[PDB]
Every structure is written in structure tokens, then in C-alpha cells.
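Protein chains in written order, with this note's numbering: chain A, 1261 to 1383; chain B, 59 to 267; chain C, 204 to 247; chain D, 22 to 231; chain E, 32 to 96; chain F, 37 to 279; chain G, 48 to 143; chain H, 137 to 309.
Read through the structure below, which is laid out as C-alpha cells, and then see the notes.
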Amino acid sequence: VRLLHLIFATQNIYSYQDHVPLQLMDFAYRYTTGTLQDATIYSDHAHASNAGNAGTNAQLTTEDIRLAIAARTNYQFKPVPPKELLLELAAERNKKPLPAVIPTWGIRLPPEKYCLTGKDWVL
Amino acid sequence: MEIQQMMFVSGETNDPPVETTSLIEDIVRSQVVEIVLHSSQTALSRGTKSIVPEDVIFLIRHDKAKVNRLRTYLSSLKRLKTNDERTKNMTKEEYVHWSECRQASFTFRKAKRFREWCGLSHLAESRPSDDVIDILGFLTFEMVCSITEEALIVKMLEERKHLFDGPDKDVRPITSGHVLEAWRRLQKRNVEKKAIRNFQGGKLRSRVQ
Amino acid sequence: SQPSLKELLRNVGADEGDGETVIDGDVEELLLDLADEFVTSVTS
Amino acid sequence: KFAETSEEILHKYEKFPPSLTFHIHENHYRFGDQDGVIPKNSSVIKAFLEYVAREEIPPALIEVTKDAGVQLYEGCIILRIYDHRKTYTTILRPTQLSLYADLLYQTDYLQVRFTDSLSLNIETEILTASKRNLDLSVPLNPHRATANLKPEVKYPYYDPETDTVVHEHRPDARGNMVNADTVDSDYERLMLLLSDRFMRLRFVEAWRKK
Amino acid sequence: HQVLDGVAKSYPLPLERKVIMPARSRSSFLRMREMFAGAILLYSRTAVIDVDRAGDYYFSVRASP
Amino acid sequence: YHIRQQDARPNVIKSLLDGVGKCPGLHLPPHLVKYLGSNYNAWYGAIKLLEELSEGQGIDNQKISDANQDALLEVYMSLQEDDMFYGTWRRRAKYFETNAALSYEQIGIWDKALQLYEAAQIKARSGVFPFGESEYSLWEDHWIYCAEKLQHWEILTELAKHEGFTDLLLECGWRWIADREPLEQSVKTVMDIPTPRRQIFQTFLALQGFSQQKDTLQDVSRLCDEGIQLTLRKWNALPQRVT
Amino acid sequence: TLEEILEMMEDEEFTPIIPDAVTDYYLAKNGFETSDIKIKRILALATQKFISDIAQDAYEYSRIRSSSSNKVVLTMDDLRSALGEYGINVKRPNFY
Amino acid sequence: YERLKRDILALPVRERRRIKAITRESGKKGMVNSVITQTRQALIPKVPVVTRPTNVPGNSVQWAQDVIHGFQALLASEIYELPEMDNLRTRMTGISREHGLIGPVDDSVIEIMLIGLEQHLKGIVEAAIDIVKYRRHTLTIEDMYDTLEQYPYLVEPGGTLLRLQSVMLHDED
């Protein structure tokens, strides 16, 4: 799609390979199918389905779509930078002292039985 | 689920209260409605409204096939032999009760209420046959027998003068938690050969048995 | 009114019979935290 | 006149009370004008005391401390502890989480047209530099950025018999050893069945004032 | 022509974003917060959401001292 | 056995609790004795047990001795003897400001009684004295007992605005045609678990709705009929001699 | 058993369809070197078996499609179904 | 290409639709897209306070005493056992009021939730057991990190995995 090239133009990336637009459009189709599918399930849920209790009539307001998307981003879609979590977590790590030692001009390795000894693997 | 309580007795064990039997009733109903959902969807995707046996046997598509074929035609193994050999016995009509459960499945005659109690609003333009009703009877019976086996297994894995009012004839084996653990166990996810996409993220899938 | 810990130990004593006794301070805390996160997300 | 030091902040910045006084008498915990008292509740005050045995202000003081004091009460704190077995004081400082909290409570007003990610970012480029006009930017020569004095080493050698040898530090934990730490009056409990065991002064002291 | 280049300034948005915030961190924070709040000076710094017209993304604040 | 539904003449609980007190050596828990004696019958079969534990020997535990005294002091309050209520309290209480205010209150001058309660709580609140869990249910409840004996009904209006319970329904109610709609729904939040007091609020607003024609007559006859039968059940739970 | 299975991989009697060179490349990609030949043939074999399993899934799901009791093509519906029945995710292609 | 691209885009009749999308959308009171305000507004407790234009039913006034009580519970991971009903109920009321609902949780929710929980954890530990031994052993933290590297679809990311990669301490310390 030419409009996908137009959207590429926003990020200064005019060097595509022409498989990307097919692929990303396929992707968005898949994604929105799933989205407005489970939103339709939730529109059914407000319409109180089981093995025969009532009908199924579709409106699909925006709230249902919002629900169907928040569930997806519950386990996907790299969220806002979780800075505070990382700050406190890293303060918990950044708490116990350095070793304050001298291996005296070499490399200090972990002890063997934590080192690997990359021999030819064998039974 | 009087038939299920009889079927639960047929497997091995006795004395479920109403709780476990209503729960098992819900279990079987859910399994079966899912089966018919999938089979109807597949047929209509092939482009036919009538529900058929070829889809449903392939819907199981597993060692689940040899036993089902025998049930239609009429209309490991050492353990099932050894346990039955241990059972061999008589009196107070010992072998007699065994038969009751075999010929009191929903497919025996009561096909109508078995069809109606489960979902039937689906496929309003068509209506399935009684052959599939008998089939479902087979599947429901096998499911009840399996669930009971796992419940007993987990139960076992857990491990003065008489006052004459305790009858010494009452036992309490089976309850909600046992069946729940068993039905977790049976949802062994897939053989795990169907969840090999090991390093990723996200998941969803339905399952039977 | 009514006349007034063995949940995890029962959750794990019934998994295996060859010991496999987990350690607190390293493993158990992980699991408790996972459970907490699960309940919070679900009820939300 | 650089003053971004640790011990000097306590030695010089002294003899004035913008502080928060603590109070201890071996059973309760208190600070400031507190109507109530805190017992040995490890859910809270041990989280506090963990920090205060170090020199970090916890992240959470800031917003109440800000709305309470309009001035002459911030930048850092010192805490006034006094036992009843003396009086003692010791200093606490920021951690970059306190500083990020100093940006949060600014977000409860003017959430729109505020260019948050821009303005509240560039704010730190000025603040962080301004807090710290004492950095130690001074090199020193290694054996690696000159020549004629590259040293010798004898750990990564080649024995004639054995293949090669290396340097690998030394624990005391062996194999098949103990893994880690452990997994962790009923007459009175029977004799206390069905036991189930100053706000109304607050709403009357206002009316007695009126 | 260039009118469309000048117009193409969409600035799309999502609907909802996640925020990675566990129970433990915010719980300790809020706990110590209301402790100090009741000690020095509900009265804490809280949001206000209406039972209706929710589903929005930012809400106002009480800011009661 | 649900309500262990005897609730009849010399029944099982009365005959079991009065058989315990005749044998020394067993010492049934005091808040169960208070519950069994009040709910079924045999009040005086319960004071035989809650005085046997208090006096005589000591039980060699402070937390069994204080839970006995609280179980005793709401038996005396239920049977409305105050002279044994106010004499068990000041035998027990530890401050001086509450041994003064309890004794200025069973005499009956309620102006020097309330002053010694607000001067009792300021002996607390960062005072060094520990003051107990009970003796703090005496300060905040007999400040509001004397402040409603003295008829200060505007001060404890704004007090009961904040907590919010039957005390708001009682003082703001009687001290109903124009403010009926806030009063009617606030009754029905507390009209469950009914008592002989709460039916008088339910009946009276059904009567002043009949005055404006909002409520029909017949309903006040049914509301007075089913309410009297609850007043009957509280009379039958009391001892035989009229006190 | 198991020990026969590495008695057998060594000689030419059982040499997986996947050539030794390609598996060596894919071992190396995901980071594994060893101067044994058994193990590489074995991972070859397991992969061969897994693809055979999706093969039979496709065969049967094609056999259901019409006339239970211009040649065969394993199309996107057959694949959509079998890959789905696994854990392989949804194939929702499109046009326009 | 850019000029020719815009000309070809004008070749389609959607040049008019392209010409109209010049404004700033989200014609609402707002949809902020920043970070810090998302965080803060997703950190403070909310309060479901209600209007009353003509009548807002429910017959049970909204409170935020419940939210404070919910955030104050001795939640899991301090204690050594999965929470019994009461704790979980106290925590939920808090979350429901904090999101903008009203009415009390009805004592069946807690139990189904416990059920799903213990099922979850049995799955996880079964995975780790499938790691360590093929067919007297004892399990560690590293095996659980291994299995949460293999199978991460089990746990939702955030909060704990980052915390998991900050507890892997070395032997001497």
C-alpha cells in the first residue's frame, strides 16, 4: 500500500525492502480481528453465552474495544518505562558492598564447578 | 446425574454425595457442548448443516479411535485385565450390578432427554441423528470412567467396646478437590508436544477429555 | 460464632514422593509473590 | 566552598532545627507532634530503620513533608533520636528515587499542556548538576597506555605435562551439601472464646473552642 | 500538493497503556505515606473517580490538606 | 441446633449451666457463660459462675481475670442493676479521674461527671499511663451517656454525623414529614436485626405518612402487631421477678 | 530401549534425511559444538519426526474436507487448522 | 519519489480524507500520553465518590475507608502461606472501590480465585520438577529461573521477573 510508504516517511526510513508493508498490514489485520472478536464476546456478556438463554445482537461501542485491548496489553506491547520499579529494585541490588579485593594483575575466574571447561561434549 | 453416579460406580468406587455428581454433570455437559461446537463449525466450513460421525471420530483423532469404532460396529491391557481378575466374585448379586451401569447409559433409550438437557438451540435449521447420540453416550461414559480413575489415584497418592451406632459401613473417598486435581491432571495441557513453542509469551487454547 | 499454614505444604507434599523439598528464602518467596500478582491482576 | 560531602553535611549543617525529631522509650516509636504511637510493627518501621541505619531518606516522605513545610524544611533532613536507657542524631540523604518522587507530586496539577516527558526530563539535567559541584575527574597511568614496562604473568601458562592453568577464586561450598536455611498455652486460648479482643475527643475540642 | 505534507501531522494514540506496578512497592509506599501523613499534620493526597463516565485515563485530585 | 431451639421453660441449657455451678473444679469460659445465660435463660445461673471465678481464689492469669470482669459488667448492665455495675467498675478502674466521675454519676449530678471524663482522656493521649482497653470503652461511652442525660442534643448531632449509626437516628430523629426520605432509607439499613427500639422508628414514620396520606391506615395496625410480638420476646427472655 | 539408539546412529544404517552439514550449521547458530556425530543425528531425527506429525495432521485434515467415503494441494485452510491445533498461532491473511 | 508519491495518493479519491486529518484528534477533555502522570495516577488510591443529580441508586453509600484497609493488609510474601479467604476479601473490596464499583464481594469469588491460584502454582512446580530429575533430590532457585526462561508464557511479565533477576545472589555474601 502506498499509504504505508507515506507512513514510513514519518520516521526517515526510505530504504524498505517491499516485504515489510505486506507483513505489517497482515499483522494489523490479525491483531484487529482478535481484538474486535473478544470485544464482541464482551458485548454478548453485557447482554444477559450459555446453551440457549437469549439472543446475540451487536452494537460494539468503544468501551468493549478498550476492554479487549487492555487484556492484550496485559501480556504484550512494551509498556511505559517502568522507572520506579527499576529504581527501587536496583537500590535493593545497589546495597551490598563490592568485594574490595586484589587478584594481583591477571583475571580472576569463578571457581571450577562454576566455570565451563568447554571440552568436546561426550557421554 | 443419576446415570453419572451409576457410571462412577461402574468405574470403581461408591458413595458420591450430590456435590461431586452435579459437578461431574457440569463437566460432561461442557465437554460435549465443546465437541459439538467444533464438529458443527468444521462441517459448515465444509459446507453442510447435518452433523455426521466421520468428523467426530477424527475430532478425537487419537488412540481414542479403536474403542469408539467397536461401540459403533456393535450397534497397559494387562493392568485392565489384572484389576478385572481381582474383581472376579459373586453374592448379593455381585456381577449383576456391573451390567446395570453398562446398559443404563443415556444412549440406551432416553436419547430425548439426553439431547435436550445438553445444548440443542445450536443448529436450529437441522437436527442430528440418534447414531451420534449413542456416540456421545460412549464418550460421556469413557470420560466419567477416566475422571474416576484419576480421582482414586490422587486419593491413594495422598495416603474399646463399640458404641453400636457407628454402622462401620460408611466411607468418604471422593469430593470436589480430588476431581479438581484430576481434571487439572487430565488437562495435561497438550502432550506438551503441542506446546513446544517453548520460548515466547502469551497463550490460549481449549481442550477435551 | 464458631469454635476457633498447611496449605502450601499440602500443595507440595502431594506433588511428589521422592523428597524434593523446596527452600524458603530463595524459592518459596518467589511463589508467594507470583500468587499475589495473580490475584491483583485478576480482580482488577 | 564545595559542600556536597557526607560527614561535612553533618558537621557543618548543624545547630538549627528544620529537622524531624524522633522519640523512643524502648517500647514505642514516635516522631514529631504525633498524637498516636507506633509499636513494633515490622511491616513499616523496620523498612524505615533499614534505610536509616544507612543514610538514605525513604522515597515516601516527600509529599507530606512538602505540603507540611512551606520552606526551611527540605534539601535533606536530619533525625533527632534520643534514648531512655541520651540524645543522638545522624543524617539521611537522597537516592535518585526520592528525586524522582520530587517530580511526581508536581504532577497532581496541570497534567495537560505541561510537556511532561520533555520539561520534567530537562529539569534533572540542571538539578543533578547543581546538587553536585564536587566530582572527582582525575586520571592516573596504567601499565597499558605506555610502553617498555608491560609486566609478566604466570597464571595462564602451559605446563609440559598438563595443558594449561588459570586463576579461579575460592569458595567453601562443596557438592552434595546442605542447601540453605530452614523452610520457615491452650488453656488460655480456650478460656478466651468469643472475646473478640481519641476521635470523639477530637470532635468536641473544636466545639469547646467555639 | 504540499498541502497534504502539511496536513499529515496525525500524532496517533493508543487507547490504553499498561503500567508495570506490583502490589508490594505501592503498598509499602502508601502504607508509610499515610503513616507520616497522620503523624505530621481522607486527608492524604488521593484521586477522585466518579462511578459514572469512568474508563477515561487521567482523573482529578482532592488534594485535601 | 440452629438456635438450639428450645427457648422454653427449665430447658437443657438452663439445667446444664446450673449443674456446672454445683461442682467445683471446672471453669467454663466467661464470654460463653455470658452468651448462654443471656440468650437462652438463667441469668442468675450465669452470675453464679462469673462471681465464683472473680472472688474466692484467683485464677492466676490477668487475661482470664479481665475477660471475666468484662463478661460480668455486661450482665449487670443487662439486668439494669447499676449499683453493682458502678461498684464493680471503681473496684477495678485504675485512674483517679474515672473513680471520681463514676461516683458523681451514680449520685446523679451530671455536670461534674462530664468534666471529669474530658479531664480523664487528657490524662491519656501521650500520657505515660497505659489505661487499658476497657476503661476506654467507659470514657468514650459515658461521655456520651451524660451528654444525653444533660440534654445536649446539638453537640452529639455533629458527633454522630461522622461515625454514623443508630445514635444519629435517635437524636436527630426525635429532637419527620419534610425530612422523611433521608430518615426512611437510613432506618431500613438498620431495620434488619430488629429490636424493640427500631420498630418504634419504623412505625412512627408509617404513622406520620398516614397523617399526610402517604401511608394507608391498615399498615400501622400490622406494623404495631408484628412489633409488639417482638417486644413480647424480649420480655420473655428476662427473669421471672419484675425488677 | 535407549543404548541401542546410540548403537545405531553411528553406522550408515540410520542416517537422518537432514544432512550432517545443515544440522552442523544449525547447531553452530544456536551455539553448540561437539566432536560426536550421534547427538546431531538425533536432534535431526526428532525434528524429522515433529515435521512428520504436522504432515499427518495436514493429510487427515485434508482428507476430511470433502467426499469422505487438479491434484492435491496443502493450502492455507488445511495449514491454518493444523498449525492452530498445535500451539502455532493464528494465520489470518487477507487481501486489499 | 515523495512528490510523485503524494501525487499518486491524490490519484485516489481519498485525497480529501487525507486533507482533513490535519487537526489534533481525541476531541475529548483529554487523553494524556506522557509517562509520569500515567504512573502517579496509576499509583495513588482513587475514590468512587458519586453525584446525585436526580437519583443514583445502589442503596449503599460509597466509601474509601475500604481502600486504606485494603492497602494495609499483611499480603502474601511476608507470611509463608497462600492467603486464607478473609485477607483476600479485604484486599478485593479495596480494589473494587478503587476502580469505581460498589457493593460487597459475595463470598463465592474468593473461593474460585483460590482454586485457580493453586492450579497455577501446581503447574509451575510440576514444570520445575520436570526440569531437575528425568525419571533423593532437592530443588533450588536456579532451576526455577531455568524453567521461567524456557516457559515464560506461564507468568505475566512485570514486577516479579525483574525482581527475580535481582535475588540471584552468589554463594559468599
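Each residue gets a CB set at the ideal place from its N, CA and C atoms; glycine is no exception.
Beta-carbon separation of residue i and residue j under 8 Å?
i, j, result
"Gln177/H", "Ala94/E", "no"
"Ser232/H", "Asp239/C", "no"
"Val291/H", "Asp218/C", "no"
"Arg1326/A", "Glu47/E", "yes"
"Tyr1276/A", "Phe1268/A", "yes"
"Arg64/E", "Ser56/E", "no"
"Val82/E", "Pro184/H", "yes"
"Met304/H", "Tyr281/H", "yes"
"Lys185/F", "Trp210/F", "no"
"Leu206/F", "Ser222/F", "no"
"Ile193/B", "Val114/B", "yes"
"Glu210/C", "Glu217/H", "yes"
"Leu174/F", "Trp212/F", "no"
"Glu133/F", "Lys99/F", "no"
"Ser163/B", "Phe199/B", "yes"
"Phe43/D", "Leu100/D", "yes"
"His188/D", "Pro1363/A", "yes"
"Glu71/D", "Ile112/D", "no"
Run through the DSSP bridge pairs and tell me what residue i is partnered with.
i, result
"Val69/G", "The partner list for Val69/G (beta bridge, DSSP) is empty, contrary to what the question assumes."
"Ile59/D", "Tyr50/D"
"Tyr103/D", "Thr108/D"
"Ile98/D", "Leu113/D"
"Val92/E", "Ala78/E"
"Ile45/D", "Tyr50/D"
"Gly222/C", "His273/H"
"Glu146/D", "In the DSSP output, where bridge partners are listed per residue, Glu146/D has none listed."
Just mark residue i as buried or exposed, buried being the case when its beta carbon has 16 or more other beta carbons within 10 Å.
i, result
"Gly92/F", "exposed"
"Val111/F", "buried"
"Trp228/D", "exposed"
"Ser82/G", "exposed"
"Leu170/D", "exposed"
"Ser1309/A", "exposed"
Which whole-angstrom value is the C-beta distance of residue i and residue j, which I expect to be below 8 Å?
i, j, result
"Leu52/F", "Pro66/F", "Contact flag wrong, Cβ pair sits at about 16 Å."
"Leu1346/A", "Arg299/H", "Contact doesn't hold; Cβ gap of about 10 Å is too wide."
"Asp227/C", "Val204/D", "4 Å"
"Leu102/B", "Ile251/H", "Contact flag wrong, Cβ pair sits at about 36 Å."
"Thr128/D", "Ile267/H", "That belief does not hold up - the Cβ atoms of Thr128/D and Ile267/H are roughly 45 Å apart, past 8 Å."
"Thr78/B", "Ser234/B", "7 Å"
"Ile93/B", "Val266/B", "7 Å"
"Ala242/F", "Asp255/F", "6 Å"
From residue i to residue j, what does the alpha carbon distance come to, in whole angstroms?
i, j, result
"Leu259/F", "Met227/F", "13 Å"
"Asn142/D", "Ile180/H", "22 Å"
"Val1361/A", "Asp309/H", "14 Å"
"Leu61/E", "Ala68/D", "13 Å"
"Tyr71/F", "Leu222/D", "32 Å"
"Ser247/F", "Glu194/F", "30 Å"
"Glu217/B", "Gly216/C", "11 Å"
"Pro232/F", "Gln198/H", "30 Å"
"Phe207/H", "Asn256/B", "37 Å"
"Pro275/F", "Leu73/E", "48 Å"
"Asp229/C", "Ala1351/A", "19 Å"
The ligand COA heavy atoms versus the CB of residue i: any closer than 7 Å?
i, result
"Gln258/B", "The ligand COA is absent from the structure shown, which contains no ligand whatsoever."
Residues, ordered as in the chain, of the region 114 to 125 of chain D that lie near chain I by beta-carbon distance below 8 Å: Although the question refers to chain I, the structure presented lacks it and instead comprises the protein chains A, B, C, D, E, F, G and H.
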